[PDB]
Amino acid sequence: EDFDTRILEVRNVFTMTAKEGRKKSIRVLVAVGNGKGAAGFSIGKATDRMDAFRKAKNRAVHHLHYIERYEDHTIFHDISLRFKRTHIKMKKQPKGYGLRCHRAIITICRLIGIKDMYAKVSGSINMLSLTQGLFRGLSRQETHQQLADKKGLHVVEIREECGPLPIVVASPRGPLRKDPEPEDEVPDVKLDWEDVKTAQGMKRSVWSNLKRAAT
RNA sequence: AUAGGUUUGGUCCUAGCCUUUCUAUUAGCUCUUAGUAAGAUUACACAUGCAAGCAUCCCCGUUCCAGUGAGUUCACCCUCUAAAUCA
Ligand SMILES: [K+]
Ligand SMILES: [K+]
Ligand SMILES: [K+]
Ligand SMILES: [K+]
Ligand SMILES: [Mg+2]
């Protein structure tokens, strides 16, 4: 009773049979989630649409991921991934930002319990790949605690709204290293041109930052 | 772009086209009030009226303002140095 189901896609797939010719089947993608991190998805197939809905709904609950939510409202860090030909680039956002993402990601996020996030889907906009990719990235996100333990260092959060106050969000449960992490003068990191282009005010889009209903 | 529709018996990939947003002109139909802003398609031809005077005569001004977008890297910086203002 805690879990809620929401349809993502309904497709009329067809095969050819010797006796009848075109045989119509229903392929249904559904996502189930209780809103507290536990969410899954499944594909249900049946000649009747009701049977397809049921099969997908009941099978999705046996394939539940657990999503680590930072402060139970957003992701811990920005996740960029490619699943097959679909690119999903998700950004961590502050409280009150909303779900500025593809309608399907909005639906899945509400089931997971993420309230604030931005995501841009590029490449193929296949619904199967998007869902499978979204759950792949969110499942693999590293929490602040896991980072502190791996690095043996404090994770200190700097917030602009709190000035210079150092907020320690995670500390290493084991021994704390005494050597500071080597500060590379120039980071050899791969930058997304779309990010850099926006930061330099070089991106004019009439469709970006349009006023939309509360999500 | 938070995207959407569309190739096929069907699936996936790629791809073009189109949809949704925001402005400006024109057309159809329709139209109550007030304030404000803006306002020939045409460097085609133009009836008529007006748009430059001032002032003890000399001078000064009419080389400005206003208009248009035909032509088109004459517009910017540096160097140098006329005219002009500082009786
Ligand atoms: K397309
Ligand atoms: K009209
Ligand atoms: K005079
Ligand atoms: K011109
Ligand atoms: Mg001189």
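In the text below, chain A, chain B and the rest are named by the order of the sequence lines, each starting its count at 1. Values reported hereafter were calculated over all heavy atoms of this structure, with side chains retained and with hydrogens, waters and symmetry mates removed.
With rounding to whole Å, A/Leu29 atom CG is found 15 Å from B/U11 atom P. A straight line from NZ of A/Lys91 to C1' of B/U2 spans 13 Å, rounded to a whole angstrom. Spacing between atom NZ of A/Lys89 and atom P of B/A1 amounts to 13 Å, rounded to whole angstrom units. Remark: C1' of B/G10 and NZ of A/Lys45 are 10 Å apart, rounded to the nearest angstrom. Protein atom CD1 of A/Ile43 is 13 Å distant from nucleotide atom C1' of B/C12, rounded to whole Å. Taking atom CG of residue A/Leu128 and atom P of nucleotide B/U11, one finds them 11 Å apart after rounding to whole Å. Regarding A/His87, its NE2 atom lies at a distance of 13 Å from the P atom of B/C13, rounded to whole Å. Following rounding to the nearest Å, A/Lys84 (NZ) and B/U11 (P) show an atom-to-atom distance of 15 Å.
Note: A/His65 and A/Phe41 have parallel aromatic rings, judged against thresholds of 30 and 60 degrees for the angle between ring planes.
Partner A/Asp195 forms a salt bridge (charged side-chain N to carboxylate O under 4.0 Å, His left out) with one of A/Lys190, A/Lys203, A/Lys91 and no other, that one being A/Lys91.
Put simply, A/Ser124 has a side-chain N or O that comes within less than 4.0 Å of OP1 or OP2 on B/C13.
Counting non-hydrogen atoms under 4.0 angstrom, A/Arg11 reaches the backbone sugars and phosphates but no base. Residue A/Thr215 is classed as a base contact, given a heavy-atom separation below 4.0 Å to a base.
Comparing the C1' positions of B/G61 and B/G53 gives a spacing of 7 Å, expressed to the nearest Å. To the nearest whole angstrom, the two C1' atoms, one in B/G69 and one in B/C44, are 16 Å apart. B/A52 sits 13 Å from B/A66 when the P atoms are compared, rounded to a whole Å. Between B/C29 and B/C46, the distance separating the two P atoms is 38 Å to the nearest Å.
With rounding to the nearest 0.5 angstrom, the CZ atom of A/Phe83 is 3.5 Å from the CD atom of A/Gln132. Atom CD1 of residue A/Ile167 and atom CD of residue A/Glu157 lie 5.0 Å apart, to the nearest 0.5 angstrom. Between A/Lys151 atom NZ and A/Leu176 atom CG the span is 13.5 Å, to the nearest 0.5 Å. Distance check: A/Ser42 OG to A/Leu8 CG gives 11.0 Å after rounding to the nearest 0.5 Å.
A salt bridge between A/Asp116 and A/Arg100 is absent, with no side-chain N of the basic residue lying under 4.0 Å from a carboxylate O of the acidic one. For A/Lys150 and A/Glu142, the salt-bridge test passes: some basic side-chain N is under 4.0 Å from an acidic carboxylate O. Taking the charged nitrogens against the carboxylate oxygens, A/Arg49 and A/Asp51 have no contact shorter than 4.0 Å, which rules out a salt bridge.
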Under a cut-off of 3.5 Å for both distances of each Watson-Crick or G-U pair, what dot-bracket string does RNA chain B give, using [ ] for crossing pairs and | for inter-strand pairs? (.((((.........)))))................................(......)...........................

Protein-nucleic acid N or O pairs under 3.5 Å, nucleotides 18-25 of chain B:
none

Using a cut-off of under 3.5 Å, enumerate the N/O to N/O pairs linking the protein to nucleotides 3-9 of chain B.
unit_1 : atom_1 : unit_2   : atom_2 : d
B/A3   : OP1    : A/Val121 : N      : 3.0
B/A3   : OP2    : A/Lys120 : NZ     : 3.3
B/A3   : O3'    : A/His102 : NE2    : 3.2
B/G4   : OP1    : A/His102 : NE2    : 3.0

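Map A/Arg27 and A/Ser205 each onto its nearest nucleotide of RNA chain B; the residue landing nearer the 5' end is A/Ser205. Residue order along RNA chain B, read from the 5' end via each residue's closest nucleotide, puts A/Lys203 first among A/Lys203 and A/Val13.
Residue A/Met90 is grouped with residue A/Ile67 when hydrophobic side chains (ILVMFWY) are merged at heavy-atom distances under 4.5 angstrom, including chains of intermediate members.
For A/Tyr118, whose side chain is taken as the heavy atoms from C-beta onward, the closest listed nucleotide among B/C12, B/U2, B/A1 is B/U2. In this structure, of B/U14, B/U2, B/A1, it is B/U14 that holds the atom nearest to the side chain of A/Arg85.
At distances below 3.5 Å, not a single donor-acceptor pair connects side-chain atoms of A/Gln141 with backbone N or O atoms of A/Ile75.
Proximity of A/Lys84 to A/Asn126: side-chain heavy atoms (C-beta onward) are nowhere separated by under 4.5 Å.
By the 6.0 Å and 45° rule, A/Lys92 stacks over the aromatic ring of A/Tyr70.
The six-membered rings of B/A40 and its strand neighbour B/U41 do not satisfy centres under 5.5 Å apart together with planes under 30°, so the two bases count as unstacked.
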